[PDB]
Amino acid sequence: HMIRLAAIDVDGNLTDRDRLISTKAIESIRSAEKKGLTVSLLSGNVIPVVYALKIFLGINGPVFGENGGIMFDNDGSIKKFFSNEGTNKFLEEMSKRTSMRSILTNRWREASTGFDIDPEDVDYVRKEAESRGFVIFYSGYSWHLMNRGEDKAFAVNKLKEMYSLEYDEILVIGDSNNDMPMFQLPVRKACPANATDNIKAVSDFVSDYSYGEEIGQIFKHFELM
């Protein structure tokens, strides 16, 4: 079938070496959207930050923050699918006996909890988190304490439902392990030249570029630009 929607990992694929947004990626997105593609952004950052990207970059589909746990829709509303009461409590307790600590953007989180942590405390905190029904991983600017199942697969399935699409009509763009949840779905897949080996191995198209420059080549490959 033909690709009608592309779900893209913001931090993993739309930024350069210094985490700045790629202007070439922005123009590729706008070009593809003008030709009819619906684009959705997926990020671990907070919803007002992803909302800023939606209104300034010119994204025509819903955008997700907190790794899929919260969404800003095209009707201008915000819907969250998970709560941060449990994850916030966990951080509060864990910060008393480990280096796990809150980050400024948590003041805008609603469905999960971001944090910083010393590498030495990662294994212990992960064990404690999983024993409570949570998971931890790094993305973008920080670690993320998420509810099990609050991931990119949840978000992509939600987009599929919202647009009444088949999996083969969806293209996902990611770069690493924290994207495998959506890369393991029956969707179309593409990634940058610096994507992990496992992500490349399941991708339909592996770009010769990275740091935002893969967006244009990927879209061209699928005749979206």
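For every residue, the number given is its place in the sequence shown, counted from 1.
Legend: mean Cα B-factor per stretch from the PDB entry, 89-97 versus 147-155; the higher mean is in 89-97. For the two regions 30-38 and 188-196, the entry's Cα B-factors average higher over 30-38.
When the C-alpha B factors of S112, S142, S77, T105 are read from the deposited coordinates, the top value falls at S77. Set against one another, the Cα B-factors of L53, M180, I47, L165 in the record reach their highest point at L165. When the modelled residues of the chain are ordered by C-alpha B-factor, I136 sits in the lowest third. Sort the chain's modelled residues by C-alpha temperature factor and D9 lands in the lowest third, per the entry.
In the deposited entry, the Cα temperature factor of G58 places it in the highest third of its chain's modelled residues.
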